[PDB]
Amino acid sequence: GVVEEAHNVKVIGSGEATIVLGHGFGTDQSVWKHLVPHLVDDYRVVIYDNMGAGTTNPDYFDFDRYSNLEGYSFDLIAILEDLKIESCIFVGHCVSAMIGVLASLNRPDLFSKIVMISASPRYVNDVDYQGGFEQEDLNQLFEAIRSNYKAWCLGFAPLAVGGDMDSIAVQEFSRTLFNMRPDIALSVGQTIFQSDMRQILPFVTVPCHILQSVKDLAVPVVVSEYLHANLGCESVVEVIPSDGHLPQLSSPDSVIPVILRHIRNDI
């Protein structure tokens, strides 16, 4: 259907046990390339692109629908319902972790657990919360995207991915990032980095596994503690000894075993 097609949905395997992987800002379903090989023998595996990703049709990017994360939640639910999935493990990277959280509030029956990679409910600091960014930092970032998107992608990609400047992962992310239409990238950046999910966390009832790199430009480690402290569900934290915001792409060897352990085991 149009929905699946518009989100580049892929379904590999079959049977009841199902895993759905949602990607973060500036990347796409390719971010799961090191993970999917190890799921397909035991799970039906679904991957999809977020509306707004460079791989999707700019014409379908409804600025109003996606001016908050509920837009994306609805799409996730829509895909789940189209594929007739009654229950899944959701793996959400970055914004997808919060998209899955929202969606689970609407439809907790759809999700047996959530595994969050590099998740944050709030990036902006206040006097009683460390999110890793002052508003002035964000304003600076948004201005760099407006001003010169290419330059911004090339500067941003190394910092986000971490590790070596000219690794394969940096180059890959630099590419997917610049694949987004500039105005879409700016709009989505604002939607995500200005988001606040902190207040709904107590309402979550689906179990969450909170994984992040010990070093992540966007996600200080205290954020994982905050999520763990304020989620109403059962949760567990594992900070990985890895660098970067897309560690499943850039540090597969240290990261993928950890993800798998959280997918394969309950709390």
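Residue numbers run from 1 along the displayed sequence.
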Q: Pick between 74-82 and 140-148: the one whose mean CA B-factor in the entry is higher.
A: 140-148
Q.
When the Cα temperature factors in the entry are averaged, is it 100-108 or 163-171 that ends up higher?
A. 163-171
Q. In this PDB entry, which of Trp32, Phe63, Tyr226, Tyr48 has the top CA B-factor?
A. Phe63
Q | CA B-factor ranking of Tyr129, expressed as a third of its chain | A | middle
**Q.** CA B-factor ranking of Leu249, expressed as a third of its chain
**A.** lowest
Q: Can you work out whether the C-alpha temperature factor of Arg122 puts it in the lowest, middle or highest third of the chain?
A: lowest
(Q) Per the entry's values, where does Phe178 land by CA temperature factor relative to the rest of its chain, in the lowest, middle or highest third? (A) highest
Q) Based on the entry's values, in what third of the chain does the Cα temperature factor of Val255 lie: lowest, middle or highest? A) middle
